[PDB]
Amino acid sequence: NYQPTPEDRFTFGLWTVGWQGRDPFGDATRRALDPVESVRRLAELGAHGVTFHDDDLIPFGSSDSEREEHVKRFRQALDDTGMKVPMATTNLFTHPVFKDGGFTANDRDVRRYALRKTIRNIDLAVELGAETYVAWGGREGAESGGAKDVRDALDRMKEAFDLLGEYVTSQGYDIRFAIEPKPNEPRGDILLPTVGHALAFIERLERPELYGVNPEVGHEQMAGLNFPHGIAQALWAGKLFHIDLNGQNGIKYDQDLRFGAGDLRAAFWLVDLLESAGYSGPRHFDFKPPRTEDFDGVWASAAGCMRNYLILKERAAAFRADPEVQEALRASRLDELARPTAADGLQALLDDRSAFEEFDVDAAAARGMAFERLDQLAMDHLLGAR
């Protein structure tokens, strides 16, 4: 079993299966892929769609006429395969002009160029049917303390996103923005380094309803944070617009392993949350097939992303459906966590002698939470020992 179909909404970036394997210490180990061949191969594996940076699809520097030819060939492969394009993004990190950032570069003329390069691709994204436009400010940041006044940089970041929201509103486009946090790499520290920082920043934009987050498994784990907790907070705020799925082994460089590798139990709890909460966006894989692999390994790695999601989906569903787990959840008072603390209101709480004066603190303290039995039931389900 565990066969994906387009209805599972699995998507991949062109830059994922197309990563040629150049890393900071080594040359490329694979030839470049034509975007048309990636679309065709991914469709055969059961993917729903692809995503792109402007510069993945149109080589930097292309003339308007080469640009039209590149888009036309791409559109033909989408039509031939039934593949969709649900998200697009801008490359504001590879070209040397962006070495100190795009939206927050110290040079004003670079910031203006960054905005114009972005706006050009938003038009293209809308034409291809994308619903989400992602921004990853990978060069926005610093290696040293005096290089960047962060309050001024956040003013420039707000200014840029405000202008993009003005642009989409005045064009009447039906597209929303998602900010993708990352704590470091390639800059020593990156601005808006976690889900939380990005959520807080969105609330200071002029039109906050147009902006959400695009969290990545590996990025929050590069700060040692619990990725399902961060996703829960994004869902609670109503801001999970898109998600990047992959694997990471702890606090180190961004590995972008296939989804399911890295922290397997966190992948289980993530899938449990996304499915329980009814997340209906794309399940997007931002991963790199390791540079040890040839092209057969690339497609095996991509297939593995989808397979692991579907296995974990089955295990999480079996967990939540198990009557014994339902009993254990009540034993651990998960039902009580969902009930208001004081629906009776402040005055009733202040007048309630059972909440303080007569509260038996020692009897409450002696109650075990039964969390270890619950967690072993979850382990047994994950391993198929139930």
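Start at 1 with the first residue shown and count on from there.
TODO: Name the higher of the two by mean Cα B-factor in the PDB entry, 13-21 versus 359-367.
DONE: The stretch with the larger mean CA B-factor is 359-367.
Open item on the list: If you average the CA temperature factors as listed in the entry, which stretch comes out higher, 327-335 or 35-43?
Closed with: So the stretch with the higher mean C-alpha B-factor is 35-43.
Open item on the list: Per the entry's Cα B factor values, which of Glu216, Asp294, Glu166, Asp155 stands out as the maximum?
Closed with: In this record, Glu166 carries the highest C-alpha B-factor of the candidates.
Task: Most elevated Cα B-factor in the entry, residues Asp256, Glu140, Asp79, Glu314 - done: Among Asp256, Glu140, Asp79, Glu314, the highest C-alpha B-factor in the entry belongs to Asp79.
Task: B-factor third for the C-alpha atom of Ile179 within its chain - done: Its C-alpha B-factor belongs to the lowest third of this chain's values.
Task: Among modelled residues of the same chain, the CA temperature factor third for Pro86 - done: For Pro86, whose C-alpha B-factor we compare with every modelled residue in the chain, the answer is the middle third.
Open item on the list: For the chain shown, is the CA B-factor of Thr132 in the lowest, middle or highest third of its modelled residues?
Closed with: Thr132: CA B-factor falls in the middle third of its chain.
Open item on the list: Going by the CA temperature factor in the PDB record, which third of the chain does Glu275 belong to: lowest, middle or highest?
Closed with: Its C-alpha B-factor belongs to the middle third of this chain's values.
TODO: Sorting the chain's modelled residues by C-alpha B-factor, tell me whether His242 ends up in the lowest, middle or highest third.
DONE: Lowest third - that is where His242 ends up once the chain's C-alpha B-factors are sorted.
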